[PDB]
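What follows is one structure encoded as structure tokens, with my remarks underneath.
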Amino acid sequence: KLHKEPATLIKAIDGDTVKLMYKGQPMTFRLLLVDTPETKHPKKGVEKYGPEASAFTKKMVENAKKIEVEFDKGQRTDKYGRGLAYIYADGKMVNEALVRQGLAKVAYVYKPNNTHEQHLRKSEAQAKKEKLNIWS
């Protein structure tokens, strides 16, 4: 059974990455299950919709009262040391909000970190249907 734990914003870094204070330690978090266009892409740098996805995530976590992190059932960190989690801003999942707005795609899924996969895929289908942003 997944559970939410509190965390405190340190800095939003990109559409798909935020630094949080978690259990009294600074940590970089990668948002599970979503790929956003990035501002700091390994090879390309600033892709299309990257500044927009990045501003969306930043605003959403900066204006929150409460941030909560939710780990999935599998590995909790990736090979870069980043936490792998669902992030909530006042009860609203950031991962889903990005996908609902057409500012992220559902990523390649690695079991067993796939608890919210169908839920995200439903939101992605709706954004594509509404032809929002990436899907416009």
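Figure legend. Inter-residue proximity from the range 65-82: first residues under 14 Å from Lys19 (Cα atoms), second residues among the charged types (D, E, K, R) and in a strand (DSSP E or B), beta-carbon distance below 6 Å, spacing 6+ or different chains. Indicated pairs: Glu68/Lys4; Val69/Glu5; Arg82/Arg30. Only residues that are without any contact (Cβ under 8 Å) to a residue 40 or more places away in the chain and crowded, with 19+ Cβ neighbours inside 10 Å were counted in the range 124-136, giving 2. Here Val34 meets the list (1) of a type in the set (A, V, I, L, M); (2) free of Cβ contacts under 8 Å to residues at least 40 places away in the same chain; (3) under 17 Å from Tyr108 (Cβ atoms) almost entirely, failing just condition (2).
Are there any helices (runs of 4 or more DSSP H) wholly within the range 41-136 with 1 or more residues that are within 21 Å of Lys1 (Cα to Cα) and of a type outside the set (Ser, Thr, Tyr), and if so which?
94-100, 117-129
Could you tell me whether any residue of the range 2-12 is within 14 Å of the chain's Cα centre (by Cα), under 21 Å from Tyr110 (Cβ atoms) and part of a strand (DSSP E or B)? The answer is no; no qualifying residue exists. Of all residues in the range 100-123, those that are more than 21 Å from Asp14 (Cβ to Cβ) have Cβ atoms under 8 Å from Cβ atoms of residues that are surrounded by 17 or more Cβ atoms within 10 Å (Cβ to Cβ) and among the acidic types (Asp, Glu), 6 or more apart or on another chain, in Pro112/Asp72; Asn114/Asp72; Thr115/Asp72; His119/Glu96. Taking the criterion of being of a type in the set (D, E, K, R) and loosely packed, with under 13 Cβ neighbours inside 10 Å, the residues of the range 22-61 that qualify are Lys23, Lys43, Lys44, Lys48, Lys59.
Readers should treat all values here as calculations from the given coordinates under stated rules, not as data from a laboratory. Because the Cβ atoms are built from the backbone with ideal geometry, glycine has one as well, and the counts that use them run over all protein chains shown.
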